Amino acid sequence: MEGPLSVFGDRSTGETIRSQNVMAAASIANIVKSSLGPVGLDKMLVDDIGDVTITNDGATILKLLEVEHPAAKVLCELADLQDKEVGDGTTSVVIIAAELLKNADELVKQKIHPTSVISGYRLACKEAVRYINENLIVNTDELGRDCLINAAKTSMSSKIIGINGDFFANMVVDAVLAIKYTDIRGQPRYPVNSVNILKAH
Amino acid sequence: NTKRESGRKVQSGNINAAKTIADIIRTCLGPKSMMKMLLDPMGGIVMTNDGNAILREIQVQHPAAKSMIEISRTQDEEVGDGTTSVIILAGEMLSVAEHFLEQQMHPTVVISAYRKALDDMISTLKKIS
Amino acid sequence: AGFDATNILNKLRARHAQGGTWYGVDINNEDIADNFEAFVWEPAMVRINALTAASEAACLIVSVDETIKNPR
Amino acid sequence: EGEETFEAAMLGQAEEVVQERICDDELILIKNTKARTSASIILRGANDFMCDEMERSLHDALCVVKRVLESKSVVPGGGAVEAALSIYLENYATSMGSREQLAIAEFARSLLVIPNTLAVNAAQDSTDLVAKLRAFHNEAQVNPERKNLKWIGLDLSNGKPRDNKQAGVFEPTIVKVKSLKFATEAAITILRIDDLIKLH
Amino acid sequence: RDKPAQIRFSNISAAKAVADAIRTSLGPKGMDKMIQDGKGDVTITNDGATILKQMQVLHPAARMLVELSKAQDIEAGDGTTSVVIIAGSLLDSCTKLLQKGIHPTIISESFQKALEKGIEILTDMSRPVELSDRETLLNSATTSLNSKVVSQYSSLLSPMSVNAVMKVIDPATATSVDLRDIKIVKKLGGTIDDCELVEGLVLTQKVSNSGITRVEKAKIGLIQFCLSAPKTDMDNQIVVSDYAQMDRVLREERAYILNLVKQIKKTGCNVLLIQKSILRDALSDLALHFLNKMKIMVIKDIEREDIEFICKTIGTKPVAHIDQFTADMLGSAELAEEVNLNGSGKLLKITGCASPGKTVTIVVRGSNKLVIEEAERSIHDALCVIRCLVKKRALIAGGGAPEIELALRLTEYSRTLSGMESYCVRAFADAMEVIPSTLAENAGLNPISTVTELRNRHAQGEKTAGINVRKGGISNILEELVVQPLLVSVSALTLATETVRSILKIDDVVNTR
C-alpha cells in the first residue's frame, strides 16, 4: 500500500509491494540483528498496552510481533517454525532472509525460468550444509584431550561464573553420565535436567 | 504487529523521564526538603517530597517512568526507604555518560562501569562504614 | 550489442574463473569470447592510464565532503 | 490410611543411607543406589547468586554435550562458520556461472551479516571480526579440517572469535543446517503468488 | 454519444486492467498476495487458479472473466489462467485496431476465422495420444499430477484417474468422460492411500450412527413418505395438557414406528433415502433410530447428490409408504456399505446396481478435507485431463508455449489473409507469444533480460520449438512433460473469443433499471 491507492489488501501491485514487503519483512528482521545473542541488546516490548516484554529472542518476539503483512506473516511464521523447531536460530533465521528476500526474487523474474534462481541459494543451502556438517573444527564436546572435562571447562572457560571449569568441567561430565535415562531410539544422550542439581551459597 | 525502533531516540526518552524523575526530589531529599506539587486535572495541589506519589498520580511516561516506581517499590521494600534515591541515582547515572559514551557509541563498556562504581561503592562504604 | 550483460558477464566471470584468458563480450560480433582472440585489441598502457585516471579521480573526491565556495 | 498394609517391596537399596548437613543445608543421601547408578552434584556458591551462574554455565556445556551426543558433527558457533561460507560460496558463485553465480553470491555475501550484527551487539562490530574470521580462512585454508590456521569459530558472548574449540557455547550442526533451509524458504515463501488480485 | 467510445474502452479497460495484474501465473513468481477487501477483510491469496475463482471484480467485463475463468475449468480443468491471461490479448487487439478505426465487427469478424485458423494450427502442432490407453491417460495426467497437489498419492490416483475412465469411457473413441461420469465423492477419514476407486454408483451420505447395514442385498431406498405414526404421519389421539398426556404422545409414537422400520426392512431394504424435504418433520428422528436398527441407511433431508445418482445411475424411484409397502421401484442394490476408515465417515456403497456403462465412483478419503482435497483436486484434473483427451485427442504443451508456435505460423495466414480482418488477424496472431513472457512477470529487478528471450528463442525454435515454461529451457514444448491436452487451449481461445467480441458489441448506454 504505497502511492495513490485504488486497491486494498497490501497491493502496491508488484515491485512496490515486493519492496514494501521487503520493507515490511526486514522491518521485523531488524529487532533480531541487535537482539542477536544475550549480549544482543534486549528490547522492552509492550505486549498489549502496559504489558512490556523484554526479549532479545527474535521468534519469541515474533510471537509478540503480530502479522500485518504477508511478509509479516511468514517471518513470524518461519522463525516461530525454527523457534518451536529448536530455540537456537530463532533470532538467527530472521536476519539474513531480509536480505535473501531482498535478493532472489529480483532474479526470480530475471528468470529464464523462475526455478534456477532460488536453487542458487538451495544447492548453496546444501553446499553450506555439506561444509557445515564437515565442521568438527570448533564446538567439540565430542572429544577434548581430557575429553568432556576440558570441553566442559572450555565451555565454563568460555563463560565466567567466577572461578570455573574446575569442579564444573568435571560436573558436566557427571551430569549426563549421572543420567541413566536412555533417550528413545538408542540415543546415547542423557537429559541434563534429569540431573539432580543442588546448590549451596 | 510489524515494528522497529532505534537507540538514542529510545535512550534519551529514558533520561527525558528519568531526569525529571530525578529533579525536584534531590531538592526534596535530605535535610533540604521541598514540595513536589502536582496540579490535578481536577486542579488540586499535591505536594510531596516523594516522587512516586506525583508519578503514580499522573500520566505514565512509558520507558523510564514506568520502570522506576517499580524499582522504587523494589527499594521501598528493601530497607523501607530510598525510592527517592534510586530514581534520582539511576537517571543521574543515565545522563552524562550515555550520550557521551553513545556518541562514542557502546552499550557494554558502560555496563561494566555500573558495577565498578557500585563496587567502588561497596568497599569504601564498608571501609568507611 | 543487444545482450543481457549479467549472464554475459556471469559466465565470462566464470569463464574468466573456469576460463581466464580473454573471455568477454564482443559487440563487433555481437557475442562473447576471448576478446584478444576475438582480436579486441588495444594497448595496455591506455588501460593503466584510464585505471590511474579512474582510481585517482574518485579517491580525491571521496576525501572531500568539505568544499569551500566563495564569490570572493 | 494408617492401618493400610505395608511390605518390603518399597525398600530402597543403597550402600548406606546417610544425611549430611553442610553449608547449613542437609539432605537425605542415598549412597550407592543399587537399582540404578545415580548421582547428584551439589553446587557451592559464595551466595545463592553464584550458583545460578555455575549452574547455567554448566548448562551451556550440558545441553551442548547432550546436543553433541545428538550430533557428532558439531560446527563452530558464531558467524565465523559463515564468514568462510560467505566467501567459499561467494567463490562457489562465480565459477557456477549465470544466475546462480548471481545467486550463490547473494547467498554467501549475505552470510556476512550475522557476525557483523552479533559483534556489533557485543560491540566487537564488523571489519575487525569479519577480518579476523576470514583472515583465518585463506585460499591456503579452504578446508573445514579440525585445525586452526583457519579458526572458523566465533564466541557468541565475546562477539569476537576466540580460542574455544571445545566450548558448550557453540551450536552443533543440528540447529545450523536448518535455518539455512528456513531463511531461504522465507525468500521462497513470499514469492508464491500466481495472479495478483484483489477481492471486494 | 461518446459514451460507447468511452465505455468500450472502460469495458476493455477494467476487463483487461484487472486481467493484466492477473498475470503472475505459472511458477513461483512475484510475491504472495494477502487480500483485505474494500470492506477490510483479510484474505491471503496465491496460485491464481483459485484467485481466478476467488476473483471479485467491479465492472462487468471484468466480471466477464470470472465467468471466463470458470469457463476453462469444466471445459478443461487446465489452463484457466490461460484463457484469463489471453483475455487481455484479444482486448489488446481491440483498441489498437479500434484506434485504427477498424470497425469492431470486422475485429469481431477477425476473431472467428482466427479462432478457425488458430485452434487448427494448435491441432496441427498437436501431439496425438489416446483416450483409453492407460499410458497416454497416465502421462498427460502424470504431468497434470506432477505439478498438481499430490504426486506420491497420484501414483495411486493417476491409475485411478485412468482406471475410473476405462469404465466411464465408452468403447474406443467416444464422446465421454464428463464430471457426472466419474463420481467424485469425499469420504471423511482415511488418507489418500485410503482414497480408492470405488466402482459404480457409490453414494456418500450421512447415515445415522451404526447397528446399520453393512450387509449385502440392500433394497436401496428412495422414500418420499413418512412412517405414519403418532407424531409422525398419523393422528395423535392424545392431546397434551398434562405430563401424563405429554409422556403419552411420544410413547405411542415410538412404540408404533418400530413396526414400520422392520416393514421398511421387509422390502429387503438396507437403504431408504428419505425425501430431502419434510412432510411435517418428514420422518421423525425417533423413527430413524429404529430404521437403522433394522439396518436401513437413512440420511434425513438427503443431500442432492445421492437423490440424482440413485435416480440416475442406480435409477431408483420413490416408493409407497411401507403401510402400503413399496412398489419395488427401489433401485438395484446388492449392498449398503457404511465404512469407517480412520474410524471416520459414514457411507453408502452400492455395487450390484444399474449403471450406464459410466458413473465410476471415486471415494476421496483423508484424515481431513486437506488430505481429501489433496487427492481430489489432483485426480479431478487428471480425470479432466484424460477427459480432454477423450473429448479432444492429441496434446499441446503446458502453459501456452505452443501458442507461440501458432503465433509464428498463424501470423503468416493472418498476413496472407490480406483482408480487413487479416490486419486484426495479424495483430492478434502476435498477441499470443506474450503469454509465457507475461507469466514471468512479477518477481524482480535489473529486470528485463528474458522478456523477448521468453519470445525470440521460441521464434528461433523454428515453428516447432521454444522454451519450456513449466520445466524450463527450450525443447519441443508439445511433449516435454510440459503438456496439456489439445482440447485445453483451443477452448481458451474459443472461450475468450466471444467474450472479448461481446465487448466490441457494447454500444450506446446500458444499466438496467
# chains A, B, ... in the order shown; residues from 1 in each chain; ligands from 1
$ closest_atom_pairs --of "chain C" --to "chain E" --cutoff "10 Å" --atoms "only C-alpha atoms" --output "Markdown table"
| residue | atom | partner | partner_atom | distance |
| --- | --- | --- | --- | --- |
| C:2 | CA | E:449 | CA | 9.9 |
| C:3 | CA | E:449 | CA | 7.8 |
| C:4 | CA | E:449 | CA | 5.5 |
| C:5 | CA | E:449 | CA | 8.8 |
| C:6 | CA | E:449 | CA | 8.9 |
| C:7 | CA | E:449 | CA | 9.4 |
$ interface_residues --of "chain E" --to "chain A" --cutoff "12 Å" --atoms "only C-alpha atoms" --output "mmCIF file with N, CA and C atoms, in the first residue's frame"
data_model
loop_
_atom_site.group_PDB
_atom_site.id
_atom_site.type_symbol
_atom_site.label_atom_id
_atom_site.label_comp_id
_atom_site.auth_asym_id
_atom_site.auth_seq_id
_atom_site.Cartn_x
_atom_site.Cartn_y
_atom_site.Cartn_z
ATOM 1 N N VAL E 18 -7.937 -5.362 -14.747
ATOM 2 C CA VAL E 18 -7.872 -6.407 -13.736
ATOM 3 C C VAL E 18 -7.127 -7.608 -14.293
ATOM 4 N N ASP E 20 -4.818 -7.856 -16.402
ATOM 5 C CA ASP E 20 -3.390 -7.684 -16.636
ATOM 6 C C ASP E 20 -2.589 -7.940 -15.367
ATOM 7 N N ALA E 21 -3.007 -7.341 -14.248
ATOM 8 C CA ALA E 21 -2.377 -7.644 -12.963
ATOM 9 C C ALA E 21 -2.607 -9.092 -12.571
ATOM 10 N N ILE E 22 -3.528 -9.766 -13.259
ATOM 11 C CA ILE E 22 -3.787 -11.173 -13.016
ATOM 12 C C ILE E 22 -2.692 -12.046 -13.620
ATOM 13 N N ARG E 23 -1.702 -11.483 -14.302
ATOM 14 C CA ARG E 23 -0.710 -12.456 -14.741
ATOM 15 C C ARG E 23 0.492 -12.452 -13.808
ATOM 16 N N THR E 24 0.484 -13.355 -12.817
ATOM 17 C CA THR E 24 1.702 -13.776 -12.133
ATOM 18 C C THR E 24 2.039 -15.228 -12.477
ATOM 19 N N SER E 25 1.245 -15.854 -13.345
ATOM 20 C CA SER E 25 0.965 -17.278 -13.233
ATOM 21 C C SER E 25 2.188 -18.135 -13.545
ATOM 22 N N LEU E 26 1.988 -19.447 -13.408
ATOM 23 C CA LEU E 26 2.949 -20.460 -13.820
ATOM 24 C C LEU E 26 4.313 -20.332 -13.159
ATOM 25 N N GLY E 27 4.399 -20.687 -11.883
ATOM 26 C CA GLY E 27 5.666 -20.739 -11.199
ATOM 27 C C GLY E 27 5.829 -19.692 -10.120
ATOM 28 N N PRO E 28 6.814 -19.911 -9.246
ATOM 29 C CA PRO E 28 6.947 -19.086 -8.037
ATOM 30 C C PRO E 28 7.350 -17.664 -8.366
ATOM 31 N N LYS E 29 6.389 -16.893 -8.855
ATOM 32 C CA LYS E 29 6.674 -15.590 -9.421
ATOM 33 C C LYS E 29 5.967 -14.540 -8.586
ATOM 34 N N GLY E 30 6.519 -13.330 -8.602
ATOM 35 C CA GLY E 30 6.015 -12.257 -7.774
ATOM 36 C C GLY E 30 6.234 -12.560 -6.312
ATOM 37 N N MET E 31 5.334 -12.091 -5.460
ATOM 38 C CA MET E 31 5.346 -12.370 -4.035
ATOM 39 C C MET E 31 3.918 -12.407 -3.506
ATOM 40 N N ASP E 32 3.700 -13.250 -2.500
ATOM 41 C CA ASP E 32 2.357 -13.693 -2.141
ATOM 42 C C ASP E 32 1.408 -12.532 -1.865
ATOM 43 N N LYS E 33 0.135 -12.761 -2.170
ATOM 44 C CA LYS E 33 -0.881 -11.726 -2.125
ATOM 45 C C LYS E 33 -1.834 -11.951 -0.960
ATOM 46 N N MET E 34 -1.798 -11.056 0.019
ATOM 47 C CA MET E 34 -2.741 -11.085 1.129
ATOM 48 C C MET E 34 -3.794 -10.014 0.897
ATOM 49 N N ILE E 35 -5.021 -10.439 0.621
ATOM 50 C CA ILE E 35 -6.079 -9.554 0.152
ATOM 51 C C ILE E 35 -6.933 -9.145 1.340
ATOM 52 N N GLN E 36 -7.129 -7.849 1.499
ATOM 53 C CA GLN E 36 -8.011 -7.319 2.522
ATOM 54 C C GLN E 36 -8.988 -6.372 1.843
ATOM 55 N N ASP E 37 -10.262 -6.745 1.848
ATOM 56 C CA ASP E 37 -11.168 -6.278 0.811
ATOM 57 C C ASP E 37 -11.528 -4.806 0.991
ATOM 58 N N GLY E 38 -12.330 -4.295 0.053
ATOM 59 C CA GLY E 38 -12.912 -2.973 0.185
ATOM 60 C C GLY E 38 -13.778 -2.802 1.407
ATOM 61 N N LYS E 39 -14.252 -3.912 1.963
ATOM 62 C CA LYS E 39 -14.846 -3.958 3.286
ATOM 63 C C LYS E 39 -13.815 -4.182 4.383
ATOM 64 N N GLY E 40 -12.540 -4.319 4.030
ATOM 65 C CA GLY E 40 -11.485 -4.517 5.001
ATOM 66 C C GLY E 40 -11.407 -5.895 5.612
ATOM 67 N N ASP E 41 -11.510 -6.953 4.811
ATOM 68 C CA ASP E 41 -11.490 -8.298 5.363
ATOM 69 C C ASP E 41 -10.339 -9.112 4.776
ATOM 70 N N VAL E 42 -9.514 -9.634 5.679
ATOM 71 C CA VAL E 42 -8.230 -10.237 5.350
ATOM 72 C C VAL E 42 -8.464 -11.537 4.604
ATOM 73 N N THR E 43 -7.806 -11.672 3.467
ATOM 74 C CA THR E 43 -7.705 -12.913 2.725
ATOM 75 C C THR E 43 -6.250 -13.031 2.314
ATOM 76 N N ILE E 44 -5.735 -14.249 2.238
ATOM 77 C CA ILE E 44 -4.369 -14.467 1.782
ATOM 78 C C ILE E 44 -4.418 -15.316 0.520
ATOM 79 N N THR E 45 -3.988 -14.728 -0.594
ATOM 80 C CA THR E 45 -4.278 -15.281 -1.908
ATOM 81 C C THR E 45 -2.986 -15.597 -2.644
ATOM 82 N N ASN E 46 -3.108 -16.460 -3.647
ATOM 83 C CA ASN E 46 -1.964 -17.133 -4.239
ATOM 84 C C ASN E 46 -2.478 -18.024 -5.356
ATOM 85 N N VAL E 57 -14.724 -8.754 -8.773
ATOM 86 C CA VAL E 57 -14.451 -7.689 -9.724
ATOM 87 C C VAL E 57 -15.649 -6.767 -9.854
ATOM 88 N N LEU E 58 -15.408 -5.495 -9.589
ATOM 89 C CA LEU E 58 -16.248 -4.444 -10.117
ATOM 90 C C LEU E 58 -16.050 -4.385 -11.625
ATOM 91 N N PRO E 436 3.946 -16.531 -22.316
ATOM 92 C CA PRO E 436 4.994 -17.028 -21.414
ATOM 93 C C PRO E 436 5.795 -15.907 -20.791
ATOM 94 N N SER E 437 6.118 -14.878 -21.575
ATOM 95 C CA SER E 437 6.811 -13.716 -21.042
ATOM 96 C C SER E 437 5.998 -13.067 -19.934
ATOM 97 N N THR E 438 4.686 -12.971 -20.131
ATOM 98 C CA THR E 438 3.857 -12.214 -19.207
ATOM 99 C C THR E 438 3.522 -13.011 -17.954
ATOM 100 N N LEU E 439 3.797 -14.310 -17.948
ATOM 101 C CA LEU E 439 3.644 -15.074 -16.714
ATOM 102 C C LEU E 439 4.882 -14.944 -15.841
ATOM 103 N N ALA E 440 6.019 -14.627 -16.465
ATOM 104 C CA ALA E 440 7.298 -14.458 -15.777
ATOM 105 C C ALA E 440 7.272 -13.287 -14.801
ATOM 106 N N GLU E 441 6.125 -12.618 -14.691
ATOM 107 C CA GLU E 441 6.063 -11.161 -14.704
ATOM 108 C C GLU E 441 6.555 -10.497 -13.415
ATOM 109 N N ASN E 442 6.150 -10.985 -12.239
ATOM 110 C CA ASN E 442 6.043 -10.049 -11.110
ATOM 111 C C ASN E 442 7.252 -10.039 -10.167
ATOM 112 N N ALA E 443 8.303 -10.816 -10.427
ATOM 113 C CA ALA E 443 9.183 -11.178 -9.315
ATOM 114 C C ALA E 443 10.254 -10.125 -8.993
ATOM 115 N N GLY E 444 10.767 -9.373 -9.976
ATOM 116 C CA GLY E 444 12.085 -8.786 -9.737
ATOM 117 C C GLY E 444 12.643 -7.532 -10.401
ATOM 118 N N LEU E 445 13.938 -7.275 -10.173
ATOM 119 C CA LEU E 445 14.659 -6.076 -10.598
ATOM 120 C C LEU E 445 15.819 -6.446 -11.520
ATOM 121 N N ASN E 446 16.567 -5.410 -11.944
ATOM 122 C CA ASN E 446 17.537 -5.477 -13.039
ATOM 123 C C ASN E 446 16.901 -6.308 -14.147
ATOM 124 N N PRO E 447 15.660 -5.964 -14.485
ATOM 125 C CA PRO E 447 14.661 -6.998 -14.810
ATOM 126 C C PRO E 447 14.742 -7.679 -16.176
ATOM 127 N N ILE E 448 14.878 -6.915 -17.260
ATOM 128 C CA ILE E 448 14.024 -7.153 -18.427
ATOM 129 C C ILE E 448 14.659 -8.141 -19.409
ATOM 130 N N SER E 449 15.769 -8.768 -19.020
ATOM 131 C CA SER E 449 16.575 -9.538 -19.967
ATOM 132 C C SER E 449 15.737 -10.544 -20.760
ATOM 133 N N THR E 450 14.849 -11.274 -20.090
ATOM 134 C CA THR E 450 14.366 -12.518 -20.680
ATOM 135 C C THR E 450 13.064 -12.327 -21.454
ATOM 136 N N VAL E 451 12.442 -11.149 -21.353
ATOM 137 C CA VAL E 451 11.087 -10.968 -21.880
ATOM 138 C C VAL E 451 10.992 -11.447 -23.320
ATOM 139 N N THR E 452 11.665 -10.748 -24.230
ATOM 140 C CA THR E 452 11.671 -11.190 -25.616
ATOM 141 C C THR E 452 12.496 -12.456 -25.783
ATOM 142 N N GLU E 453 13.394 -12.734 -24.839
ATOM 143 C CA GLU E 453 14.068 -14.025 -24.837
ATOM 144 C C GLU E 453 13.088 -15.135 -24.502
ATOM 145 N N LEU E 454 12.128 -14.845 -23.625
ATOM 146 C CA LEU E 454 10.979 -15.725 -23.458
ATOM 147 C C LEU E 454 10.182 -15.818 -24.753
ATOM 148 N N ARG E 455 10.511 -14.973 -25.732
ATOM 149 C CA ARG E 455 9.804 -14.992 -27.006
ATOM 150 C C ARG E 455 10.724 -15.436 -28.136
ATOM 151 N N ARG E 457 13.620 -16.804 -28.680
ATOM 152 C CA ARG E 457 14.232 -18.119 -28.765
ATOM 153 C C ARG E 457 13.218 -19.165 -29.197
ATOM 154 N N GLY E 466 10.433 -24.135 -28.546
ATOM 155 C CA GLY E 466 10.534 -22.975 -27.690
ATOM 156 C C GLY E 466 10.833 -23.390 -26.269
ATOM 157 N N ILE E 467 10.946 -22.392 -25.399
ATOM 158 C CA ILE E 467 11.289 -22.646 -24.004
ATOM 159 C C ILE E 467 10.163 -23.424 -23.342
ATOM 160 N N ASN E 468 10.529 -24.345 -22.466
ATOM 161 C CA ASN E 468 9.532 -24.975 -21.632
ATOM 162 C C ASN E 468 9.211 -24.057 -20.459
ATOM 163 N N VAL E 469 7.953 -23.642 -20.373
ATOM 164 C CA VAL E 469 7.548 -22.707 -19.333
ATOM 165 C C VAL E 469 7.306 -23.418 -18.004
ATOM 166 N N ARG E 470 6.746 -24.625 -18.043
ATOM 167 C CA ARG E 470 6.747 -25.498 -16.879
ATOM 168 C C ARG E 470 8.141 -25.919 -16.431
ATOM 169 N N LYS E 471 8.860 -26.720 -17.221
ATOM 170 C CA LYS E 471 10.147 -27.277 -16.807
ATOM 171 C C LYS E 471 11.350 -26.373 -17.037
ATOM 172 N N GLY E 472 11.281 -25.377 -17.914
ATOM 173 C CA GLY E 472 12.449 -24.570 -18.199
ATOM 174 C C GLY E 472 13.142 -24.974 -19.480
ATOM 175 N N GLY E 473 13.735 -24.002 -20.161
ATOM 176 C CA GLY E 473 14.589 -24.296 -21.294
ATOM 177 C C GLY E 473 13.853 -24.653 -22.565
ATOM 178 N N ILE E 474 14.533 -24.503 -23.697
ATOM 179 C CA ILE E 474 13.940 -24.795 -24.998
ATOM 180 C C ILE E 474 13.968 -26.294 -25.249
#
$ residues_around --residues "residue A:61" --least-positions-apart "3" --cutoff "12 Å" --atoms "only C-alpha atoms" --output "JSON, numbers by chain"
{"A": [28, 29, 30, 31, 32, 35, 36, 42, 43, 44, 45, 46, 47, 52, 53, 54, 55, 56, 57, 58, 64, 65, 66, 67, 75, 76, 77, 79, 80, 83, 90, 91, 94], "B": [1, 2, 3, 4]}
$ write_last_selection --atoms "N, CA, C and O atoms" --output "compact mmCIF listing (two decimals), in the first residue's frame"
# COMPACT_ATOMS: atom_id res chain seq x y z
N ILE A 28 10.74 -6.10 10.47
CA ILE A 28 10.69 -7.05 11.57
C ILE A 28 12.08 -7.61 11.84
O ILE A 28 12.50 -7.76 12.99
N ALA A 29 12.84 -7.90 10.77
CA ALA A 29 14.08 -8.65 10.92
C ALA A 29 15.15 -7.85 11.65
O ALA A 29 16.17 -8.41 12.07
N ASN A 30 14.93 -6.55 11.83
CA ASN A 30 15.95 -5.71 12.43
C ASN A 30 16.00 -5.87 13.94
O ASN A 30 17.06 -5.66 14.54
N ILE A 31 14.88 -6.20 14.56
CA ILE A 31 14.86 -6.36 16.02
C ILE A 31 15.89 -7.39 16.45
O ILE A 31 16.63 -7.19 17.42
N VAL A 32 15.97 -8.50 15.71
CA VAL A 32 16.96 -9.53 16.00
C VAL A 32 18.40 -9.06 15.86
O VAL A 32 19.21 -9.32 16.75
N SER A 35 19.28 -7.71 18.74
CA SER A 35 18.94 -8.67 19.78
C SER A 35 19.74 -9.95 19.68
O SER A 35 19.62 -10.82 20.54
N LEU A 36 20.54 -10.10 18.62
CA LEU A 36 21.24 -11.35 18.39
C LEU A 36 22.21 -11.63 19.53
O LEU A 36 23.10 -10.82 19.82
N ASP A 42 18.55 -6.40 24.71
CA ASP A 42 17.15 -6.74 24.90
C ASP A 42 16.28 -5.58 24.46
O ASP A 42 16.73 -4.44 24.32
N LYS A 43 15.02 -5.89 24.22
CA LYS A 43 14.03 -4.90 23.83
C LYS A 43 12.84 -5.00 24.76
O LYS A 43 12.25 -6.07 24.92
N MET A 44 12.46 -3.87 25.36
CA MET A 44 11.31 -3.85 26.26
C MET A 44 10.12 -3.58 25.36
O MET A 44 9.94 -2.46 24.89
N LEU A 45 9.30 -4.59 25.15
CA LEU A 45 8.34 -4.57 24.07
C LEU A 45 6.95 -4.76 24.65
O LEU A 45 6.64 -5.83 25.20
N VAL A 46 6.12 -3.74 24.54
CA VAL A 46 4.76 -3.79 25.06
C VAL A 46 4.02 -4.92 24.36
O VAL A 46 4.02 -5.01 23.13
N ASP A 47 3.42 -5.80 25.15
CA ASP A 47 2.62 -6.88 24.58
C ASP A 47 1.22 -6.40 24.22
O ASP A 47 0.70 -6.75 23.15
N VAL A 52 4.81 -5.08 29.09
CA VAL A 52 6.07 -4.96 28.37
C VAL A 52 6.81 -6.29 28.46
O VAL A 52 6.97 -6.86 29.54
N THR A 53 7.27 -6.78 27.31
CA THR A 53 8.16 -7.93 27.29
C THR A 53 9.56 -7.45 26.98
O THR A 53 9.77 -6.58 26.14
N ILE A 54 10.53 -8.01 27.70
CA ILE A 54 11.93 -7.72 27.48
C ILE A 54 12.57 -8.98 26.92
O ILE A 54 12.78 -9.95 27.65
N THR A 55 12.86 -8.96 25.63
CA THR A 55 13.30 -10.16 24.95
C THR A 55 14.31 -9.79 23.88
O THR A 55 14.10 -8.85 23.10
N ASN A 56 15.45 -10.49 23.87
CA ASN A 56 16.33 -10.44 22.70
C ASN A 56 16.16 -11.67 21.81
O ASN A 56 16.87 -11.81 20.81
N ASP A 57 15.26 -12.57 22.18
CA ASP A 57 14.97 -13.77 21.40
C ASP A 57 13.96 -13.40 20.33
O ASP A 57 12.83 -13.01 20.64
N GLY A 58 14.36 -13.54 19.07
CA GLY A 58 13.57 -12.98 17.98
C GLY A 58 12.22 -13.66 17.82
O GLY A 58 11.18 -13.02 17.94
N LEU A 64 5.23 -12.28 19.96
CA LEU A 64 4.65 -10.99 20.29
C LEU A 64 4.36 -10.19 19.03
O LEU A 64 3.27 -9.61 18.90
N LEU A 65 5.31 -10.13 18.11
CA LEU A 65 5.08 -9.46 16.84
C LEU A 65 3.89 -10.09 16.13
O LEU A 65 3.76 -11.31 16.07
N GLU A 66 3.03 -9.24 15.60
CA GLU A 66 1.76 -9.64 15.03
C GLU A 66 1.85 -9.43 13.53
O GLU A 66 2.64 -8.61 13.06
N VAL A 67 1.08 -10.20 12.76
CA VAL A 67 1.37 -10.28 11.34
C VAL A 67 0.43 -9.37 10.56
O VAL A 67 -0.76 -9.68 10.36
N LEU A 75 7.67 -14.46 8.21
CA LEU A 75 8.87 -14.37 9.04
C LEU A 75 8.55 -14.73 10.49
O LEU A 75 9.26 -15.54 11.09
N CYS A 76 7.48 -14.15 11.05
CA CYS A 76 6.96 -14.67 12.31
C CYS A 76 6.72 -16.16 12.20
O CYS A 76 7.22 -16.94 13.01
N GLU A 77 5.98 -16.58 11.17
CA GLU A 77 5.76 -17.99 10.89
C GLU A 77 7.07 -18.77 10.89
O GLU A 77 7.31 -19.61 11.76
N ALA A 79 10.20 -18.11 11.54
CA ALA A 79 11.04 -18.05 12.73
C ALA A 79 10.39 -18.78 13.89
O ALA A 79 11.07 -19.48 14.65
N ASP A 80 9.07 -18.65 14.03
CA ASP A 80 8.38 -19.44 15.03
C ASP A 80 8.42 -20.92 14.68
O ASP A 80 8.45 -21.76 15.58
N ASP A 83 11.66 -21.51 15.82
CA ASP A 83 11.55 -21.39 17.27
C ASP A 83 11.14 -22.71 17.90
O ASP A 83 11.92 -23.33 18.62
N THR A 90 16.22 -19.00 16.40
CA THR A 90 15.06 -18.12 16.44
C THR A 90 15.44 -16.72 16.01
O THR A 90 14.94 -16.20 15.01
N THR A 91 16.33 -16.09 16.78
CA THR A 91 16.99 -14.88 16.32
C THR A 91 17.59 -15.07 14.94
O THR A 91 17.25 -14.35 14.00
N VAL A 94 16.16 -14.98 11.31
CA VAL A 94 15.41 -13.79 10.95
C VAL A 94 16.29 -12.81 10.17
O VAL A 94 15.81 -12.04 9.33
N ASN B 1 2.46 -5.74 16.03
CA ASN B 1 2.46 -6.01 14.60
C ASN B 1 3.88 -6.02 14.03
O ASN B 1 4.76 -6.71 14.55
N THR B 2 4.10 -5.27 12.95
CA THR B 2 5.42 -5.11 12.36
C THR B 2 6.02 -3.78 12.80
O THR B 2 5.54 -2.72 12.40
N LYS B 3 7.07 -3.82 13.63
CA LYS B 3 7.60 -2.59 14.21
C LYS B 3 9.08 -2.70 14.55
O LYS B 3 9.59 -3.79 14.81
N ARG B 4 9.77 -1.56 14.54
CA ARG B 4 11.18 -1.49 14.90
C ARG B 4 11.46 -0.09 15.43
O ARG B 4 10.83 0.88 14.98
$ select_by_dssp --residues "chain A" --states "alpha helix (DSSP H)" --output "VMD selection string"
chain A and resid 15 to 35 58 to 64 70 to 85 92 to 100 104 to 108 115 to 133 148 to 158 167 to 177
$ residues_around --residues "stretch 91-105 of chain E" --least-positions-apart "6" --cutoff "6 Å" --atoms "only C-alpha atoms" --output "ChimeraX atom specification"
/E:12,427-428,504
$ residues_around --residues "residue D:138" --least-positions-apart "3" --cutoff "12 Å" --atoms "only C-alpha atoms" --output "PyMOL selection string"
chain D and resi 83-85+87-88+131-135+141-144+148-152
$ select_by_dssp --residues "stretch 438-494 of chain E" --states "strand (DSSP E or B)" --output "ChimeraX atom specification"
/E:461,463,466-467,474-475,484
$ write_last_selection --atoms "C-alpha atoms" --output "CSV table (one decimal), in the first residue's frame"
chain,number,residue,atom,x,y,z
E,461,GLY,CA,12.8,-22.6,-32.2
E,463,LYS,CA,8.0,-23.0,-35.6
E,466,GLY,CA,10.5,-23.0,-27.7
E,467,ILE,CA,11.3,-22.6,-24.0
E,474,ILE,CA,13.9,-24.8,-25.0
E,475,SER,CA,12.8,-28.1,-26.3
E,484,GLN,CA,-1.9,-30.3,-21.7
$ atom_distance --atom1 "atom CA of residue E:143" --atom2 "atom CA of residue E:482"
7.0 Å
$ atom_distance --atom1 "atom CA of residue E:141" --atom2 "atom CA of residue E:162"
8.3 Å
$ residues_around --residues "residue E:387" --least-positions-apart "3" --cutoff "10 Å" --atoms "only C-alpha atoms" --output "number ranges by chain"
E: 74-77, 131, 137, 141, 161-162, 165, 168-169, 175-179, 181-182, 380-384, 390-393, 485, 487
$ residues_around --residues "residue E:489" --least-positions-apart "6" --cutoff "10 Å" --atoms "only C-alpha atoms" --output "MDAnalysis selection string"
chainID E and resid 72 75:76 78:80 82:83 119 122 395:400 402:403 495
